[PDB]
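FYI, it's all coordinate maths here, none of it is from the lab. As a convention, Cβ positions derive from the backbone with ideal geometry for all residues, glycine included, and neighbour counts pool all protein chains shown.
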Amino acid sequence: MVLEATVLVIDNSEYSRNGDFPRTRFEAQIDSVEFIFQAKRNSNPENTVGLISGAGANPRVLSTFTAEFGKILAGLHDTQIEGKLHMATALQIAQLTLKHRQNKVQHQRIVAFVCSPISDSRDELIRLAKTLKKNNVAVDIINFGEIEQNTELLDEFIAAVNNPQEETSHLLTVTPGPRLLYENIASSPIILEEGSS
Amino acid sequence: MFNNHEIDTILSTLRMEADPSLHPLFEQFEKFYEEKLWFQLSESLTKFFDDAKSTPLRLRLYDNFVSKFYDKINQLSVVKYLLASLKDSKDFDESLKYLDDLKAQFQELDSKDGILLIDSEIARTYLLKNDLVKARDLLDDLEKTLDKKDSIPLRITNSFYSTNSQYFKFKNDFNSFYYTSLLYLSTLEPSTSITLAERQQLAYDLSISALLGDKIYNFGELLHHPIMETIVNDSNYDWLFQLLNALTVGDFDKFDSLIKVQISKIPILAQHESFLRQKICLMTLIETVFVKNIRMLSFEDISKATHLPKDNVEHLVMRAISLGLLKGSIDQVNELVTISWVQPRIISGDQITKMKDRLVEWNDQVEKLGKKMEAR
């Protein structure tokens, strides 16, 4: 399936600080990641992902490019739990991240938790979306927001990135309730179905 | 009110779900307390707003999901309030009651982050003063703890300095304290939104502890920083401002006029203003009057030029680091101060140009000599 590089964008933030379904959102993030990434490395071996901090007051990579457990290793340690949006920056990093993605012919992909109220500007958002589509990044987002984060950038964005779907962007905006993220997104073409372009 | 009632229920309440907040007994007691806009500190983002100053008896109901504080609202999250806000409940046994429950819970139960509580519990004790002894003792431990720490919060010292100040606040040593609090302001300087009655009254006590400092003067200070208007204004701040005036003017009865009890409560400023007037006269007498490689100032008329008299000169001027400060010595006969530095100072615009001039003067001229020597 997938030969492309991915990035995992985690906000550990006003949502992740706060359990959206067990045990925390931020924790609900976690095993969903490996779940995803498993299927990602099951998509193909060599399928690579990044992991950054969209959380806190500091954007940064948490797990760099790899292809196995070293992420699951890397993700093992915490984050600022109540932290705040670096998303644009984080994404813009995740972009540059994918600009260094290893042994290319790997297309660019990004997977983004939304644990933050999502403060950004539409143009910047779409400049990202442009830059992505320019860079030709696959972009799928994990969002359970207040309301959710939607009718917003995230909605324009997946569109704005997207001439072709998974060569640019697909969306899922995570729902509340006994909605297991990995169970939820098992549906969405964030994972499975058609996996790359 | 909306924040508590509407926020308590919708707030979190559900952050958060089927918890003790919106539980039978739970929602009642606030409603039982009020919807009336004074409240119990409302569980996350609005308690994150709410210090709300009706005493929380959601004391208990904040304390829910605190077992879930693992998987639930999680941060410091607690002495954010309570241990902050009900620290401000202002009883004696109260704090002590929850001091061992919170320090033993968020440090054991949840642990078996707390450092900032470790200071809160320890620091909070010290509000109660109880006895500078036990205060300082574990305070210095609280300090000793703090020492090695690289702590992202200033809040730790913003606890501690306030705390350690609080310690000195009970005390004199505003030389320390005022400074210590002066430290604390520089610690609060980035962060920690506060109240004016917190703002000035501290900065008052600060501005006061300038007096019960007084000092290695000082003279000029954090008055620059937004303690002013803010502090002065009026009341003793008038004084505190007029004292800044006396920190320049140094006329006794421009102030010994003003003196009421509190300032006359320590009369030693009457010495300190002499200490001032001298030093106040001195500093500029020092900073400028000689510019021309400033030293001499020696003594008497120059010392009476402080318009404090010659036989006190025979002390005040005579004393130097017996003023805590001055260097140099005395020619008794010729009536000459020997002086040296231990005088800091300020201003701008002036020697600025002079600076590079000579220092480019040799410089340029050097190049003449500086022509061939090691080259050739």
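Of all residue pairs spaced 6 or more apart or on separate chains, those with beta-carbon atoms under 9 Å, a first member in segment B:341-356 that is basic (K, R) and a second member that is in a helix (DSSP H, G or I) and surrounded by 10 or more Cβ atoms within 10 Å (Cβ to Cβ) are B:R345/B:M283; B:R345/B:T284; B:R345/B:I286; B:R345/B:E287; B:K356/B:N363. Which residues, counting only those in segment B:40-60, are of a type in the set (S, T, N, Q), touching a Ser or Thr at 6+ places or on another chain (Cβ under 6 Å) and within 14 Å of chain A (Cβ to nearest Cβ)? B:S44, the sole residue that qualifies. Applying the criterion of being within 25 Å of B:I152 (Cβ to Cβ) and of a type in the set (K, R) to the residues of segment B:69-92, the residue that is surrounded by the most Cβ atoms within 10 Å (Cβ to Cβ) is B:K72. Could you say which residue among A:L98, A:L85, A:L73 is more than 14 Å from chain B (Cβ to nearest Cβ), buried (at least 24 other Cβ atoms within 10 Å of the Cβ) and hydrophobic (A, V, I, L, M, F, W, C)? Sole residue among the options that is more than 14 Å from chain B (Cβ to nearest Cβ), buried (at least 24 other Cβ atoms within 10 Å of the Cβ) and hydrophobic (A, V, I, L, M, F, W, C): A:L98. With the condition kept exactly as written, say whether any residue in segment B:58-66 is assigned to a helix (DSSP H, G or I) and among the β-branched types (V, I, T). No: zero hits. Among the residues of this structure, B:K87 does not count as one that is within 14 Å of chain A (Cβ to nearest Cβ) and either within 29 Å of the chain's Cα centre (by Cα) or among the polar types (S, T, N, Q) (or both). The residues listed here are B:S120, B:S111, B:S151; of these, the one that is small (G, A, S) and in a helix (DSSP H, G or I) is B:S120. Summed over segment A:167-197, residues that are polar (S, T, N, Q) and under 15 Å from A:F113 (Cβ atoms) total 4. For B:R295, state whether it is surrounded by 19 or more Cβ atoms within 10 Å (Cβ to Cβ) and not polar (S, T, N, Q). Judged against the criteria, B:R295 is not a match.
With a requirement of 2 or more residues that are surrounded by fewer than 16 Cβ atoms within 10 Å (Cβ to Cβ), the helices (runs of 4 or more DSSP H) lying completely within segment A:101-197 that satisfy it span A:122-135, A:153-161, A:181-187. Residues in segment A:1-14 that are of a type outside the set (A, V, I, L, M, F, W, C) and either on the phi > 0 side of the Ramachandran plot or more than 10 Å from every other protein chain (Cβ to nearest Cβ) (or both): A:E4, A:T6, A:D11, A:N12, A:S13. When only residues in segment B:330-368 that are of a type in the set (K, R) and surrounded by 10 or more Cβ atoms within 10 Å (Cβ to Cβ) count, which is farthest from B:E221 (Cα to Cα)? Top of the filtered list is B:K356.
Being part of a loop (DSSP other than H, G, I, E, B), within 27 Å of B:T248 (Cβ to Cβ) and acidic (D, E) narrows it down to one of B:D205, B:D214, so name that one. Of B:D205, B:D214, the one residue that is part of a loop (DSSP other than H, G, I, E, B), within 27 Å of B:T248 (Cβ to Cβ) and acidic (D, E) is B:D214.
With the structure loaded, tell me whether B:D63 is surrounded by 14 or more Cβ atoms within 10 Å (Cβ to Cβ), over 30 Å from the mean Cα position of the chain (by Cα) and either on the phi > 0 side of the Ramachandran plot or more than 14 Å from chain A (Cβ to nearest Cβ) (or both) or whether it fails that test. So B:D63 passes the test. Among the residues of segment A:47-60, just one is surrounded by fewer than 17 Cβ atoms within 10 Å (Cβ to Cβ) and either away from chain B (no Cβ under 13 Å) or within 14 Å of the chain's Cα centre (by Cα) (or both), namely A:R60.
Listed here are the residues, each with its yes/no results for (1) closer than 20 Å to B:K80 by Cα; (2) away from chain A (no Cβ under 14 Å); (3) of a type in the set (F, W, Y).
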{"residue": "B:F2", "(1), (2), (3)": "no, yes, yes"}
{"residue": "B:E6", "(1), (2), (3)": "no, yes, no"}
{"residue": "B:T9", "(1), (2), (3)": "no, yes, no"}
{"residue": "B:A18", "(1), (2), (3)": "no, no, no"}
{"residue": "B:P24", "(1), (2), (3)": "no, yes, no"}
{"residue": "B:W38", "(1), (2), (3)": "yes, yes, yes"}
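Considered as a group, the residues in segment A:25-46 that are within 14 Å of chain B (Cβ to nearest Cβ) and surrounded by 23 or more Cβ atoms within 10 Å (Cβ to Cβ) include one that is nearest to A:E167 (Cα to Cα), and that residue is A:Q29.
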